[PDB]
Amino acid sequence: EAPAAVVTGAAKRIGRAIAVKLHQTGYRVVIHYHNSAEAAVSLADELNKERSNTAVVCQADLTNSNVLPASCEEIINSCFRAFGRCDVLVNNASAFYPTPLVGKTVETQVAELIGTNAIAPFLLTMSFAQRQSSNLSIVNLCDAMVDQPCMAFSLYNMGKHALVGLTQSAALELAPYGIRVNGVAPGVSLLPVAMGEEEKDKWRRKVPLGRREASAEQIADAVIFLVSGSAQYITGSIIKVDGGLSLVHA
Amino acid sequence: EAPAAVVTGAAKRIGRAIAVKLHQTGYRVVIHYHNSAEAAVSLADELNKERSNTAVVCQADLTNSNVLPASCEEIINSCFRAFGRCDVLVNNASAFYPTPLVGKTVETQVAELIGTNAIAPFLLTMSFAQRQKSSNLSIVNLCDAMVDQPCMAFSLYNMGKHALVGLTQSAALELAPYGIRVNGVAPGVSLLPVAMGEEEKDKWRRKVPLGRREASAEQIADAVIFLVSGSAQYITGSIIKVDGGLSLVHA
Amino acid sequence: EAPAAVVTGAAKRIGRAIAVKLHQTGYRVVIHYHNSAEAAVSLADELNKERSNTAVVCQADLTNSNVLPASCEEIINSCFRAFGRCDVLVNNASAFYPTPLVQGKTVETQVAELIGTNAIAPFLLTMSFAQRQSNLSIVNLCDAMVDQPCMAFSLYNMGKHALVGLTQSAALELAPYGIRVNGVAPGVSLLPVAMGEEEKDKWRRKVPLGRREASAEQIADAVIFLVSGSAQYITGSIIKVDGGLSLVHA
Amino acid sequence: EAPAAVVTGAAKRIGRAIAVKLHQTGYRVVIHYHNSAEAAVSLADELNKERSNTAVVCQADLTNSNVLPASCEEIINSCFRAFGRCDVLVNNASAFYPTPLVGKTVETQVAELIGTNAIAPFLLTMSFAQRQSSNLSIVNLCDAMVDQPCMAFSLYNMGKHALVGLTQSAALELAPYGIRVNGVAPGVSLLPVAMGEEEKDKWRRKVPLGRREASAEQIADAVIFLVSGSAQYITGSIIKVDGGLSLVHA
Ligand SMILES: NC(=O)c1ccc[n+]([C@@H]2O[C@H](COP(=O)([O-])OP(=O)(O)OC[C@H]3O[C@@H](n4cnc5c(N)ncnc54)[C@H](OP(=O)(O)O)[C@@H]3O)[C@@H](O)[C@H]2O)c1
Ligand SMILES: NC(=O)c1ccc[n+]([C@@H]2O[C@H](COP(=O)([O-])OP(=O)(O)OC[C@H]3O[C@@H](n4cnc5c(N)ncnc54)[C@H](OP(=O)(O)O)[C@@H]3O)[C@@H](O)[C@H]2O)c1
Ligand SMILES: NC(=O)c1ccc[n+]([C@@H]2O[C@H](COP(=O)([O-])OP(=O)(O)OC[C@H]3O[C@@H](n4cnc5c(N)ncnc54)[C@H](OP(=O)(O)O)[C@@H]3O)[C@@H](O)[C@H]2O)c1
Ligand SMILES: NC(=O)c1ccc[n+]([C@@H]2O[C@H](COP(=O)([O-])OP(=O)(O)OC[C@H]3O[C@@H](n4cnc5c(N)ncnc54)[C@H](OP(=O)(O)O)[C@@H]3O)[C@@H](O)[C@H]2O)c1
Ligand SMILES: Nc1nc2[nH]c(-c3ccc(Br)cc3)c(-c3ccccc3)c2c(=O)[nH]1
Ligand SMILES: Nc1nc2[nH]c(-c3ccc(Br)cc3)c(-c3ccccc3)c2c(=O)[nH]1
Ligand SMILES: Nc1nc2[nH]c(-c3ccc(Br)cc3)c(-c3ccccc3)c2c(=O)[nH]1
Ligand SMILES: Nc1nc2[nH]c(-c3ccc(Br)cc3)c(-c3ccccc3)c2c(=O)[nH]1
């Protein structure tokens, strides 16, 4: 029988390429999404046409709130409902936008940025572990530039830093149960859709290895590695997939 | 004119030492507290006896909520109403208890652990900076030397502290044009809880290479004083471990 | 044309496992050795029995000296001589013994062996590899406990820290050449043969994931990943393969 | 009776500022130098005019060699000969120049860059500990950009990384003797004397805090803090003095 994986924010971009790769490797997949229903449903279609009954979608808002624990429990429950098991959780979903220190409210910014990048991954990891020959692991999508952050992205960056803490804390605490917890940290990969083309080339130009961004597929490749049987002693590790960007001084 | 500092969680232990040392250095102080009113007030009284009109208290819950931004704005405001200025912010208040992965609800634990250790520091930072829109302005965040070697089953506390490292760095960067520095002090094991059995206290003490003892609160305060001083005027984004070598010790 | 790899200190233990796995993946290999000639040759025998003329041996002392550059140049030359190309360099060879700061070999000899094997030779090999020039990369065998070092092992530890520096400096500088430079950081893997059985279990008990050491093969798996096409955007990354050991406080 | 300190490379620039501030704080000082004899004795003259018999010079090459240990022993011996004690060691002396991976032989480059930045600090630390109310400590002059290194400076950067490892290893090992071991990490401070003003300004403009370099005194201030009784629990800590430079992305 085929293992199953939850991938959050899996309708588009890196999350999508992660879901695809997991599926190609043999996994059944829960494709989580928030707003991107059309793209999510379309992906499940593609996957299931390849292998029958191997993908479902699951809608949820991962903003922090008093119901987030229930929403995260339900995402994991949805994997068990479809597939009878849940072997892999990928925390990929992420809000990303500036929150300068000097008309969404600040309480909403805090809820979205810290919810998606950190609180939801924690709650998802909690529900994953509680619901548990096997190779169980979590992969968090981190940030190679977590210590060289974007100007005015302090809440986003606080979420990402918290996610490093979670990766490590959960690696430690869940090791006795055979669950591995690891990270994959992009630098510059798929550029924001809203970003103008000049700012895009500015980012590309900073990357030592080839002066270009990572493909989504290259990011997924590192995910696939950490969930595989070639990573069975790896836990609490965060692999940069950044073409050396984090090594470049100002 | 004497400069002024807000210290959060200043009624007791490390925050108290910090407020006292800042006061001794010449600061006027806002002693923020949550539940420890009597201790906060007894410290304000002690300090006002040293120099009249140099210490006020300010009560607030720093748990994450819809009212937290207003609370933090009001803590900053309190310093201005009291003293005409706000030169130093020390983010010291912190909830600390286990939250294992496998009576409070988890959403409450999130609110308390992430709110005290991380979001309230961010909101305080915004309000501090907004009000400042040869002075020596800075923020010091109380971090954790053991942030990458966490206590078992403290994932939320640890997430909070990690987030605080990110804030320290993101704020250093963003506020540098305003001349506001932002740094941390990262204690290892300090002032152990009076109620912890001495036998449990000694298990921790025995791990510390430098003197096989915990840091005093005053030792933690000494690093804060350095960071706020004119001797640290090019230092920003730096987190100073004050840990007796504990973090260098493998399992 | 199969690609070709150099693995230093490849006669035994982790380096052996690395050469074997590389070979199984389709590489031709240079098995470098210092003292273990008999073991180097029986490995080459085994490998060339699977596939004729795909394994050669190469002897060198990697102690720092006036001749070390020439020796390192020649290790690279041997790969080009045997196989016409050099795709991968694995810096595995390492001296490891205590050098107490407060009070056999002179201190200057200790400096030479510990800093030479763990840092200077890797630098010189890196120079010669890059000079002599597809999916080219280098993988340095690091130390997950580089920041929580063994007591009285300051020279070894300085060497491994230097090797971090080299990993990152060389990733930056050789990215324009398409040469990726990465590391693999074991925590507790194969225990030193000299170690007493009870001390061995003292170390095993520290590891959260399984209370045991990584096998050499598990270390090698991370090496294989980094040299593969599935790591083509990864450079300057050091992957811990430590079972969570570096996460554990005193 | 007044404490005594050894400062390596103390004839000028940051080591001179350190010597001066230690002296102002009441230390007697050994001003080590290599080539800058005139500057060294000019400094000791000023200091001795301030308080007589409180400064001496001490010449030594800190390039790695088989006599380097004797040379480092003699530097420490010199402090005891002049002042009857040695309370503080500041490892400031450093060679700094490029060593491209693709004048001096490589053997010499290795000896100078690794000897000054790491091996001599190790040996001086051994000698300092061996010769030993008190507040004993060592401060190593590190590099805030140790993980975002200058292009083509691999040997220098290897040296500085090793120095991080020594700082940590030695803090651990010497803590039972009550000797603290810490570091101070400039980012951009006094620009190299051969730099033209234009290239100077290029480095200045990178610094968030003030778009300028740290003064020599600003670095010394962090040293004096670490040696002071205000840092009596600090060991194994490296204090960046970089105006935010290491936090700035490419
Ligand atoms: N792209 C990069 O270069 C880069 C760099 C560093 C790190 N990363 C990390 O890599 C991961 C993937 O990056 P990406 O660029 O593919 O991500 P992205 O496109 O910015 O976000 C991926 C998905 O997150 C979901 N999401 C946003 N807010 C949410 C909410 N409140 N509740 C639930 N879901 C929400 C969105 O889902 P819907 O579309 O369904 O609403 C979105 O499609 C992220 O964690 C990111 O932080 C990426
Ligand atoms: N002690 C250590 O060994 C150690 C180790 C690593 C890091 N640190 C860090 O150093 C700092 C000081 O440590 P500590 O041991 O002195 O702290 P602590 O005694 O655990 O807590 C300090 C104060 O935090 C305040 N606080 C707690 N929850 C709060 C809430 N919801 N809202 C507002 N305030 C709240 C409390 O104020 P009231 O009493 O007024 O309710 C308390 O007295 C903390 O940031 C801690 O994380 C300490
Ligand atoms: N084993 C672990 O748990 C562990 C933990 C952390 C890091 N690592 C790292 O992973 C790597 C592999 O570890 P390992 O335990 O397999 O290594 P090891 O057995 O300690 O040594 C590997 C080989 O290094 C070679 N070597 C030693 N001194 C040399 C010299 N002066 N010149 C040339 N070669 C020399 C020896 O080759 P000859 O036998 O041919 O003389 C030896 O067989 C090392 O880089 C190590 O530091 C290992
Ligand atoms: N300057 C900066 O902005 C900066 C940035 C990062 C880190 N740092 C670190 O802070 C420290 C001080 O920097 P700096 O710019 O003041 O240093 P520097 O001027 O580059 O060097 C200081 C002294 O090092 C001594 N030295 C060089 N080679 C030597 C050898 N073979 N043997 C013995 N001594 C030797 C020289 O002494 P003589 O002149 O007597 O020959 C020189 O005056 C260094 O460790 C540096 O790496 C500085
Ligand atoms: N969720 C989500 N998270 C993201 N984090 C980054 C990023 C990139 C660099 C630095 Br420094 C810090 C963060 C980007 C991004 C990707 C390309 C260009 C710019 C930003 C990005 C995104 O798009 N979506
Ligand atoms: N706010 C607050 N934060 C804290 N963090 C720690 C700490 C941090 C890292 C490790 Br690893 C272990 C404990 C302690 C602590 C330290 C020693 C004994 C009991 C508690 C502590 C505390 O008391 N109040
Ligand atoms: N070359 C070589 N390098 C080594 N480094 C470590 C090591 C492990 C832990 C800490 Br902390 C620091 C160093 C070991 C080792 C392996 C197993 C047990 C103990 C030490 C080891 C070895 O054998 N050969
Ligand atoms: N011994 C000595 N060591 C040094 N290290 C740095 C430095 C600074 C930044 C990066 Br990135 C890497 C290294 C400089 C320097 C100082 C100012 C401008 C440029 C370089 C410098 C020096 O001068 N003398």
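The deposited coordinates derive from X-ray crystallography, with the record listing a resolution of 1.90 Å.

Undergrad: Please clarify how the side chain of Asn92(C) should be interpreted in this entry.
TA: Residue and element names in this part refer to chain C. Locating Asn92 in the fold gives a position in the loop between β4 (88-91) and α4 (107-131). On the basis of relative accessibility, which here comes to 14%, the residue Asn92 falls in the buried class. Setting aside residues up to four positions removed in sequence, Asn92 forms contacts with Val7, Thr8, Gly9, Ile14, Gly15, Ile18 and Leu141.

Undergrad: What exactly am I supposed to notice about the site of ligand 3 here?
TA: Residue and element names in this part refer to chain C. Near ligand 3 lie 24 residues; those nearest to it are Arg13, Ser36, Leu62, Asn92 and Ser189. Here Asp61 contributes a side-chain N or O atom positioned 3.2 Å from a nitrogen atom of ligand 3. One nitrogen or oxygen atom from the main chain of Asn92 is found 2.7 Å from an oxygen atom belonging to ligand 3. Residue assignment for the shell around ligand 3 shows that the elements contributing at least two residues are α1 (13-24), β2 (28-33) and α5 (154-174). Per-class residue counts for the shell around ligand 3 are 11 nonpolar, 10 polar and 3 charged.

Undergrad: Which parts of the structure should I look at to understand the state of the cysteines?
TA: Here is the idea: a disulfide is a covalent bond, and it sits between the sulfur atoms of two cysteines. Throughout the structure, instances matching the rule amount to 0 disulfides over all chains. Left unpaired, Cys86(B) is separated from the closest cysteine sulfur, that of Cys79(B), by 3.8 Å. Just so you know, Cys86(C) is unpaired, no disulfide at all, and the nearest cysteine sulfur is the one on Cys79(C), 3.9 Å from it.

Undergrad: How do you make sense of the interface of chain D and chain C when you look at a structure like this?
TA: How large an interface is tends to be reported as the accessible area lost when its parts come together. Contacts between chain D and chain C engage 39 residues on the former and 42 residues on the latter. Taking both partners together, chain D and chain C bury about 3600 Å²; carbon and sulfur atoms supply 71% of that area. Of all residues in chain D, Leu101(D), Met158(D) and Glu173(D) give up the largest surface area on contact with chain C, accounting jointly for 21% of the area buried on that side. Our count for the chain D to chain C interface comes out at 0 salt bridges. Linking chain D to chain C there are 8 residue pairs in polar contact. Put simply, the parts of the chain that give the side of chain D that touches chain C at least two residues each are α4 (106-130) and α5 (154-174) of chain D. Ranked by residues supplied to the side of chain D that touches chain C, first place goes to α5(D) with 15 residues.

Undergrad: How should the site of ligand 5 be read in this particular structure?
TA: In the vicinity of ligand 5, 15 residues are found, and the nearest of them are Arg13(A), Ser94(A), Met145(A), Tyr156(A) and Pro192(A). More than one chain reaches ligand 5: its neighbouring residues belong to chains A and D. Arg13(A) is positioned with one of its side-chain polar atoms (N or O) 3.4 Å from an oxygen atom of ligand 5. Contact distances for ligand 5 include 2.8 Å between a nitrogen atom and a side-chain N or O atom of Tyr156(A). Protein contact buries 87% of the 510 Å² of open area that ligand 5 shows by itself. Grouping the amino acids of the shell around ligand 5 by side-chain chemistry returns 9 nonpolar, 4 polar and 2 charged.

Undergrad: Honestly, the UniProt feature "active site" (unreviewed entry) in chain B in this entry has me stumped. Any pointers?
TA: Residue and element names in this part refer to chain B. On the UniProt side, "active site" (unreviewed entry) is annotated at positions that read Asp144 and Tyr157 here. Mapped onto the secondary structure, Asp144 falls in the loop between β5 (138-142) and α5 (155-175). In this view, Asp144 contacts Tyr157, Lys161, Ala186 and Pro187; residues no more than four positions away in its chain are not counted. In this structure the side chain of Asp144 is engaged in a polar contact, spanning 2.8 Å, whose partner is the backbone nitrogen of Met146. Along the polypeptide, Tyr157 turns up in helix α5. A relative accessible area of 12% means that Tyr157 is categorised as buried. Other than its neighbours up to four places away in sequence, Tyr157 contacts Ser94, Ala95, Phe96, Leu113, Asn117 and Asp144.

Undergrad: Got a minute to help me understand the pattern of salt bridges in this structure?
TA: Under the criterion given, the structure shown has 39 salt bridges over all chains. The partner of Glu74(A) in a salt bridge is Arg81(A), and the shortest N-O contact between them spans 2.7 Å. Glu74(A) sits in the partly exposed class, given a relative accessible area of 32%. Across the salt bridge formed by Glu112(D) and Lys104(D), the nearest N and O atoms sit 2.7 Å from each other. Taking the relative accessible area as the measure of exposure, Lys104(D) reaches 46% and is therefore partly exposed. Taken together, the shared-partner salt bridges in this structure form one network comprising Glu198(B), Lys201(B), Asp202(B), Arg205(B) and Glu214(B).

Undergrad: Mind showing me how you'd approach the environment of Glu107(B) here?
TA: Relative to the elements of secondary structure, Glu107(B) occurs in helix α4 (residues 106-131). Beyond its immediate sequence surroundings of up to four residues, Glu107(B) is in contact with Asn66(A) and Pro69(A).

Undergrad: Looking at this model, I keep getting lost on the environment of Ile31(A). Mind explaining?
TA: Residue and element names in this part refer to chain A. Along the chain, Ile31 falls in strand β2 (residues 28-33). Remark: the alpha-carbon pair of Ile31 and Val20, spanning 11 residues in sequence, is separated by 9.9 Å. Ignoring sequence-local partners within four residues, the contact set of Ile31 consists of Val7, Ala10, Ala11, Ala40, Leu43, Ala44, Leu47, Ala55, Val56, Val57 and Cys58.

Undergrad: Can you walk me through helix α2 (residues 37-50) of chain B in this structure?
TA: What sets the pattern is the α-helix's 3.6 residues per turn: residues three or four places apart point alike. Residues and elements named next belong to chain B. The end-to-end C-alpha separation of α2 is 20 Å, in line with the 20 Å expected for 14 residues at 1.5 Å each. Inspection of α2 places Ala40, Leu43, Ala44 and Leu47 among the buried residues, and these make up the whole buried set. Summarising the axial view, the buried residues of α2 lie within an arc of 100 degrees, below the 170-degree limit, and thus occupy one face. Turned more than 90 degrees from where α2 packs its buried face, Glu38 and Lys49 sit exposed. Taken together, the buried residues of α2 touch α1 (13-25), β2 (28-33) and β3 (55-59).

Undergrad: Where do I start with the side chain of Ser127(B) in this structure?
TA: Looking at the secondary structure, you find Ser127(B) in helix α4. Excluding residues that lie within four positions of it along the chain, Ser127(B) makes contacts with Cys72(B), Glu73(B) and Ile76(B).

Undergrad: How should unusual backbone geometry be read in this particular structure?
TA: Generally, phi is negative for residues other than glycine and the peptide bonds are trans, each holding for most cases. Of note in the backbone geometry, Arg211(A) takes a positive phi value of approximately 50 degrees without being a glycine. Structurally, the position occupied by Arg211(A) is in the loop between α6 (197-205) and α7 (216-227). One non-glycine residue, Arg13(B), adopts positive backbone phi at about 50 degrees. Take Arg13(B): it is sitting in helix α1. Judged by its relative accessible area of 42%, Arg13(B) falls in the partly exposed class.

Cut-offs used in this document
- Residues numbered from 1 in each chain as written, not as in the entry; some residues may be left out.
- Chains lettered and ligands numbered in written order.
- Heavy atoms only, no water.
- Helix = DSSP H or I, 4+ residues; strand = E, 2+ residues; numbered from the N terminus.
- Buried < 20%, exposed > 50% of the residue type's maximum accessible area, 1.4 Å probe, protein only.
- Contact = heavy atoms within 4.5 Å.
- Near = heavy atom within 4 Å.
- Polar contact = N/O pair within 3.5 Å; in protein donor to acceptor, adjacent residues only side chain to side chain.
- Nonpolar A, V, L, I, M, F, W, Y, C, P; charged D, E, K, R; others polar.
- Disulfide = S-S within 2.5 Å.
- Buried area = accessible area lost by both parts, 1.4 Å probe.
- Salt bridge = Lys/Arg side-chain N within 4 Å of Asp/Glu carboxyl O.
- Areas by Shrake-Rupley, 256 points an atom, 1.4 Å probe, with all protein chains shown as cover.
- UniProt positions renumbered as here; feature names shortened; annotations may be inferred.
- Expected span 1.5 Å × (residues − 1).
- Arc of directions from axis to C-beta.

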